[PDB]
> 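Could you have a look at this structure, given as structure tokens, before my questions?
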Amino acid sequence: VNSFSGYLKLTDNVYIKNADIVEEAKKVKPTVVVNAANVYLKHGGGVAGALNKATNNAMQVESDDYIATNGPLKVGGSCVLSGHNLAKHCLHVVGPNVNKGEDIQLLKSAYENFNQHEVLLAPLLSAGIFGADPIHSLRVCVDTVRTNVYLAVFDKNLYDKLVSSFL
Ligand SMILES: Nc1cc(NC(=O)NC2CC2)ccc1C(=O)N[C@@H]1c2cccc(O)c2C[C@@H]1C(=O)O
């Protein structure tokens, strides 16, 4: 038993809810919140800019030190950093950005990072300003992640379409 509330159960291990992932993180304080990161950990917009804003830019300060030491991530890759005031840890995961021409097959590799954590609060990878089809992203999530994932979908219209179209 965990503290996530109001989710619809899609499979044995995947749950979904129309929710603002920022508000959901502040309320649950999960062990892991997933960020929709880019390879430079430049948290400008979408899910990343919102999570970073909620940390009063501390996420960006930590991220800049990470990149100065380690260099950029790979598309499909991840790193674990602090969750600041939102979670114990933030798993920064880089899904492919269709608006940069990146290979959508990298979406499965991106979701594989979630399997290193028993429970996660997450957005749909590559959705939103990353340009992929969120229905496809949800399908890859369900077919790739084996650990317990609580997906937060900001847009109510999309959530209903995601729910109403799910096989
Ligand atoms: N830019 C944001 C900002 C926040 N939250 C705040 O700003 N919270 C502050 C405290 C009030 C949450 C989500 C977002 C955000 O980009 N969503 C995206 C989106 C939108 C429409 C269609 C989509 O496919 C997607 C994929 C993303 C998602 O929903 O995962």
Side-chain angles (χ1 to χ4, degrees), residues 2-11 13-63 73 76-99 107 110-142 144-145 147-163 166:
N2 64 54
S3 163
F4 288 103
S5 175
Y7 285 75
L8 176 66
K9 181 170 179 61
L10 293 177
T11 65
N13 64 299
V14 180
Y15 296 79
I16 194 164
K17 180 188 184 175
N18 173 216
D20 182 344
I21 192 173
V22 170
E23 279 318 298
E24 186 79 0
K26 283 195 295 188
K27 147 180 135 43
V28 175
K29 288 294 230 84
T31 305
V32 181
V33 65
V34 174
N35 181 33
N38 56 56
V39 297
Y40 306 110
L41 302 178
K42 287 173 60 107
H43 313 300
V47 170
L51 293 171
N52 176 58
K53 182 178 173 183
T55 75
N56 183 42
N57 211 49
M59 178 182 284
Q60 190 65 67
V61 169
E62 181 196 27
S63 291
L73 295 183
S78 69
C79 67
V80 180
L81 291 173
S82 180
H84 300 277
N85 53 316
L86 304 179
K88 187 174 194 312
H89 302 106
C90 179
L91 181 69
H92 295 272
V93 179
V94 185
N97 190 325
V98 176
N99 305 315
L107 186 55
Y111 276 114
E112 288 171 341
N113 296 287
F114 289 25
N115 289 322
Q116 300 293 318
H117 304 278
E118 285 192 1
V119 179
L120 315 88
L121 171 62
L124 285 170
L125 298 180
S126 296
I129 68 175
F130 281 61
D133 178 4
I135 296 180
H136 174 66
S137 185
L138 180 55
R139 186 74 258 164
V140 178
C141 179
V142 158
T144 303
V145 181
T147 55
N148 293 143
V149 56
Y150 290 82
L151 295 168
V153 177
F154 180 56
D155 190 63
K156 173 57 161 156
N157 188 294
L158 174 59
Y159 168 85
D160 290 342
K161 184 197 192 113
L162 286 169
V163 169
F166 183 71

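All heavy atoms count here, side chains included; hydrogens, waters and symmetry mates do not. Residue numbers run from 1 in the order of the sequence given.
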> Side-chain donor-acceptor pair under 3.5 Å between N57 and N52, yes or no?
yes
> Quick one: are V145 and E112 in side-chain contact, heavy atoms under 4.5 Å?
no
> Evaluate the criterion side-chain contact (heavy atoms from CB on, under 4.5 Å) for residue pair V34 and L121; output intermediate values, then yes/no.
CA-CA 6 Å; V34 174; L121 171 62; over 6 Å; no
> On a heavy-atom basis, which atom in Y159 and which in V153 lie closest, and how many Å separate them?
N-CG1, 3.8 Å
> Any heavy-atom pair between the side chains of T55 and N85 that's under 4.5 Å?
yes
> Locate the shortest heavy-atom distance separating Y111 from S137; write the atom from each residue and the value.
OH-OG, 2.7 Å
> Would you tabulate the side-chain donor-acceptor contacts of residues 86-96 under 3.5 Å, counting partners in other chains and residues two or more places apart, or write 'none'?
from : atom 1 : to  : atom 2 : distance (Å)
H89  : ND1    : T31 : O      : 3.4
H92  : ND1    : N35 : ND2    : 3.0

> What's the spacing between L81 CG and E62 CD if we round to 0.5 Å?
4.0 Å
> Which heavy-atom pair separates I21 from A122 by the least distance, and what is that distance?
CD1-C, 3.7 Å
> Minimum heavy-atom separation for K26 and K29, please, with both atom names.
O-CG, 4.0 Å
> Which heavy-atom pair separates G45 from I129 by the least distance, and what is that distance?
C-CD1, 3.9 Å
> Which residues pass the side-chain hydrogen bond (donor to acceptor under 3.5 Å, both in side chains) test with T11, not counting sequence neighbours?
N13
> Minimum heavy-atom separation for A25 and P30, please, with both atom names.
O-CD, 3.7 Å
> Sort out for me which residue in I16, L162, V149 forms a side-chain contact (heavy atoms from CB on, under 4.5 Å) with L10.
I16
> Would you give the length of the straight line joining atom CG of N99 to atom CZ of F130, rounded to the nearest 0.5 angstrom?
9.5 Å
> Given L125 and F114, is the side-chain contact (heavy atoms from CB on, under 4.5 Å) satisfied, shown in steps?
CA-CA 11 Å; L125 298 180; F114 289 25; 3.7 Å; yes
> Under a 4.5 Å cut-off applied to non-hydrogen side-chain atoms, are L151 and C141 in contact?
yes
> Side chain of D160, backbone of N157: donor and acceptor closer than 3.5 Å?
no
> Can you tell me how far CZ of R139 sits from CG of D133, rounded to the nearest 0.5 angstrom?
12.5 Å
> Regarding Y7 and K17, do their side chains bring together a donor and an acceptor under 3.5 Å, going by distance alone?
no
> Could you tell me whether the side chain of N97 reaches within less than 4.5 Å of the side chain of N38, counting heavy atoms only?
no
> Angle between ring planes, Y150 versus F4, binned at 30° and 60°: parallel, tilted or perpendicular?
parallel
> Output the distance between atom CD (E24) and atom CG (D20), rounded to the nearest 0.5 Å.
9.0 Å
> Just do the side chain to side chain donor-acceptor pair (under 3.5 Å) check on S63 and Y40 with the steps written out, would you?
CA-CA 8 Å; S63 291; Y40 306 110; over 6 Å; no
> Rounded to the nearest 0.5 Å, how far does CG of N18 lie from CG of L8?
11.5 Å
> Please evaluate residues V22 and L51 with respect to the criterion side-chain contact (heavy atoms from CB on, under 4.5 Å), reporting the C-alpha separation (whole Å), side-chain torsions for both, the decisive distance (0.1 Å), and the verdict.
CA-CA 6 Å; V22 170; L51 293 171; 3.9 Å; yes
> Please lay out, stage by stage, how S126 and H136 fare under the test side-chain contact (heavy atoms from CB on, under 4.5 Å).
CA-CA 10 Å; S126 296; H136 174 66; over 6 Å; no
> Any heavy-atom pair between the side chains of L120 and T147 that's under 4.5 Å?
yes
> Would you compute the distance between atom NE2 of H43 and atom CD of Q60 and round it to the nearest 0.5 angstrom?
5.0 Å
